[PDB]
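Asks: Starting off with a structure, shown below.
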2 protein chains.
Amino acid sequence: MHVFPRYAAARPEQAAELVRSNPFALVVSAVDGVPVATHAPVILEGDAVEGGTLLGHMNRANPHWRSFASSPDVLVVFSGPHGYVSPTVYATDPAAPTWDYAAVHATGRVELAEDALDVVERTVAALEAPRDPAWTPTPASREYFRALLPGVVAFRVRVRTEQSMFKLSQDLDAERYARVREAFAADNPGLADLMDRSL
Amino acid sequence: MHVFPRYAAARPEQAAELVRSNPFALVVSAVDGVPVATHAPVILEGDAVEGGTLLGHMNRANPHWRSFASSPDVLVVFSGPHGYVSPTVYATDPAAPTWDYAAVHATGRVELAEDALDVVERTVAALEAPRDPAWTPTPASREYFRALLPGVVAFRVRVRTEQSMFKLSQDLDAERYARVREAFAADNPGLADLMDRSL
Ligand code: HEM
Ligand code: HEM
C-alpha cells in the first residue's frame with residue numbers, strides 16, 4: 001500500500017466517493033499471525049474516511065468474526081475500477097506494461113456492532129438508494145430482516161489511518177495518455193470516467 | 001474466508017482458471033501485527049493453486065516488500081467477477097439482498113524471487129498472450145526491462161492452503177435463479193458466464 005505523489009487523491013473527498021461507490025469490500029485481520037480476509041458489504045458513516053466509521057456485516061457461521069474479540073487493527077480495502085494497460089496501447093517500441101486502478105485502504109480497530117439491524121438496514125439504504133428502482137424494505141421484509149438477525153454478525157471500524165490510490169496513468173505524456181484513456185473509454189468506462197475526475 | 005458447501009468449486013480446476021484469468025491480485029501480510037496489502041500482478045506456476053507457486057512483483061520503493069524478510073505467511077486474494085443482487089430482481093415481497101462473486105484465496109510463505117527478470121517476463125507472457133494482438137517484448141523492450149530491474153522487487157509464494165469461493169446464487173430456486181442470471185446476462189456478462197460454469 002505505497003502511494004506515489006503523482007497517483008494521489010486531488011481532494012480527500014475523492015476517497016469517500018470511491019468508498020460509497022464500491023461497498024463490496026475486503027475485511028482483513030491477523031487471525032493467528034496469518035491474514036484472513038472476508039468479502040462483505042461495508043458502508044461509511046460520516047463525510048470522510050479518516051476519522052470516520054465503517055459498518056459491515058458477515059455470516060455468523062463465518063468464523064472470521066470470532067477473532068474480532070481481541071479487537072485487533074483491521075484493514076478494509078475498497079476497490080474501484082481497474083484495468084490492464086498493454087504496451088500495444090502505447091504503440092512505442094521501448095515500453096513496459098502496468099495496471100491502472102483506484103483503491104481506498106482503511107486501517108483501524110474493529111469492534112462488534114450493538115445494533116446489527118441498524119447496520120444491515122443502513123447497508124440496504126446505501127446500496128439500493130442510487131438504483132432505479134430503489135428497493136425499499138417492505139414491512140414484511142423488515143420482519144424478515146428481524147428473523148435473519150441470529151444468522152448475521154455486524155461490526156464497526158474506527159478508521160485510524162486512511163490511504164488512497166489513484167493510479168490513472170497521469171504521469172504519462174499527452175500522446176500516450178490519449179491512447180490509454182481512449183482505449184479504456186471503449187472497454188472500461190468506469191476507469192476512463194475516473195481518469196477525467198483526476199484532471 | 002468461510003465457504004458454504006453450496007458455493008464451492010465443482011472441479012478444483014475451477015480455482016486455477018479464476019487465478020489465471022484475474023492476475024491483478026491483492027498481496028496481504030502482517031506488517032507489525034496489522035494487515036498491509038499491495039495491489040500487484042501475480043501469476044500461477046503449475047496446474048493447481050494448492051501446492052503450486054505464485055509469482056509476483058511490486059515497486060522496490062514500495063516498502064511493503066521489506067517486511068517479507070521474516071518470510072511470514074501471506075494471503076493472496078484473486079477476485080473474479082462480482083455483482084450486487086437486488087431484491088427487486090427476485091420480485092418477491094419477503095426478501096434480503098446479497099452480493100454474488102467468485103474469489104480464490106491462497107495462503108503460504110512468501111520468499112524473495114532470485115530471478116526478477118523471469119518473474120516479470122513470465123508475467124508479461126501470462127497477460128499478453130490471450131490478448132489480440134499479443135504484445136511480444138521487442139529485444140529493445142527486453143533491454144528496457146533489464147534497465148528497470150533495480151526498481152522492482154519480485155517474490156514467490158508457496159501455496160500451503162487454498163480456498164475458493166463461488167457464490168453464484170445456486171442455492172436459489174429455479175424461478176428466482178432465472179431472474180438473477182438474466183439480470184446479470186444484461187449488465188455483467190462475466191458473472192453470468194460463471195453462473196453457467198457452475199451447472
Ligand atoms: C444491503 C445489502 C446487503 C448485502 C450486499 C449483503 C451481502 C452479504 C454477504 C456478501 C454475505 C456473506 C458474508 C460472509 O461470507 O460471511 C452476507 C451474509 C449474511 N447477511 Fe447480508 N447483505 C445485505 C443485507 C442484509 C440484510 C438486510 C440482512 C437482514 C438480516 C442480512 C443478513 C445476512 C445473513 C442472514 C447472512 C448469512 C447468510 C448468507 O451467507 O447469505 N444481510 N450478506
Ligand atoms: C506484465 C504485466 C505487468 C503488470 C500488470 C505490471 C504492473 C505493475 C504494478 C501494478 C506495479 C505497482 C506495484 C506497487 O504499487 O508497488 C508495478 C511496479 C513496477 N514494475 Fe511492473 N508490471 C508488469 C510487468 C513489468 C515488467 C516487464 C517490468 C520490467 C522490469 C516491470 C517493472 C516494474 C517497475 C520498474 C515498477 C516500479 C515503477 C512503478 O510503480 O510502475 N513490470 N508493476
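By convention in this document, the chains of the C-alpha cells carry letters A, B, ... by their order, each chain's residues are numbered from 1, and ligands are numbered from 1 in the order they are shown.
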Counting only C-alpha atoms and all ligand atoms, what are the residues of chain B within 7 Å of ligand 1, and for each of them which pair of atoms is the nearest and at what distance in Å, to one decimal? Sort the table by chain and rising number, as a tab-separated table.
Replies:
```
residue	atom	partner	partner_atom_place_in_ligand_line	distance
B:1	CA	ligand 1	15 (O)	6.7
B:2	CA	ligand 1	15 (O)	5.9
B:84	CA	ligand 1	5 (C)	6.1
B:96	CA	ligand 1	27 (C)	5.4
B:97	CA	ligand 1	3 (C)	4.7
B:98	CA	ligand 1	7 (C)	3.7
B:99	CA	ligand 1	10 (C)	4.7
B:100	CA	ligand 1	10 (C)	6.9
```
Asks: Kindly export the residues of the current selection with N, CA, C and O atoms, as a short mmCIF file (atom, residue, chain, number, x, y, z; two decimals), in the first residue's frame.
Replies:
```cif
data_model
loop_
_atom_site.label_atom_id
_atom_site.label_comp_id
_atom_site.auth_asym_id
_atom_site.auth_seq_id
_atom_site.Cartn_x
_atom_site.Cartn_y
_atom_site.Cartn_z
N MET B 1 -13.17 -15.57 5.19
CA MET B 1 -12.98 -16.55 4.13
C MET B 1 -13.64 -17.90 4.47
O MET B 1 -13.03 -18.96 4.39
N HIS B 2 -14.92 -17.83 4.80
CA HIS B 2 -15.74 -19.03 5.01
C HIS B 2 -16.46 -19.39 3.72
O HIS B 2 -16.93 -18.51 3.00
N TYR B 84 -23.76 -7.00 -7.24
CA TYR B 84 -24.85 -6.87 -6.29
C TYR B 84 -26.12 -7.57 -6.79
O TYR B 84 -26.47 -7.48 -7.98
N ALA B 96 -34.18 -10.41 0.90
CA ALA B 96 -33.00 -9.80 1.50
C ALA B 96 -31.89 -9.78 0.46
O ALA B 96 -31.70 -10.78 -0.25
N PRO B 97 -31.14 -8.69 0.36
CA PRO B 97 -30.13 -8.58 -0.69
C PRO B 97 -28.87 -9.37 -0.36
O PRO B 97 -28.65 -9.83 0.76
N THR B 98 -28.04 -9.56 -1.38
CA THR B 98 -26.75 -10.21 -1.20
C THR B 98 -25.82 -9.75 -2.32
O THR B 98 -26.16 -8.88 -3.13
N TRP B 99 -24.62 -10.32 -2.34
CA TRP B 99 -23.65 -9.98 -3.37
C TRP B 99 -23.06 -11.29 -3.88
O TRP B 99 -22.65 -12.14 -3.08
N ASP B 100 -23.06 -11.46 -5.20
CA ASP B 100 -22.59 -12.68 -5.84
C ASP B 100 -21.16 -12.45 -6.33
O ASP B 100 -20.84 -11.36 -6.80
#
```
Asks: Name the residues, by chain letter and number, that sit within 7 Å of ligand 2 using only C-alpha atoms and all ligand atoms, and give them as JSON, numbers by chain.
Replies: {"A": [1, 2, 84, 96, 97, 98, 99, 100], "B": [24, 38, 39, 40, 41, 57, 58, 59, 60, 62, 117, 120, 121, 123, 124, 125, 127, 145, 146, 147, 148, 149, 151, 152]}
Asks: Could you list the residues in chain A lying within 8 Å of chain B, using only C-alpha atoms, and format the result as a PyMOL selection string?
Replies: chain A and resi 1-3+24+28-30+33-39+61-64+72-75+86-88+93-97+99+124+128+133-135+138+140-141+144-145
Asks: Taking only segment 5-167 of chain B into account, list the residues labelled strand (DSSP E) by DSSP (computed from the backbone), as a PyMOL selection string.
Replies: chain B and resi 24-31+34-45+53-59+73-85+98-112+152-167
Asks: Quick one: pull the distance between atom CA of residue 168 of chain B and atom CA of residue 191 of chain B, Å, one decimal.
Replies: 8.2 Å
Asks: Just want the 12 Å neighbourhood of residue 16 of chain A, counted on only C-alpha atoms, with same-chain residues fewer than 6 positions away dropped. Output as a list in words.
Replies: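 Non-adjacent residues within range: residues 9, 22, 23, 43, 44, 45, 46, 47, 48, 49, 50, 51, 52, 53, 54, 78, 79, 80, 103, 104, 105, 106, 162, 163 and 164 of chain A.
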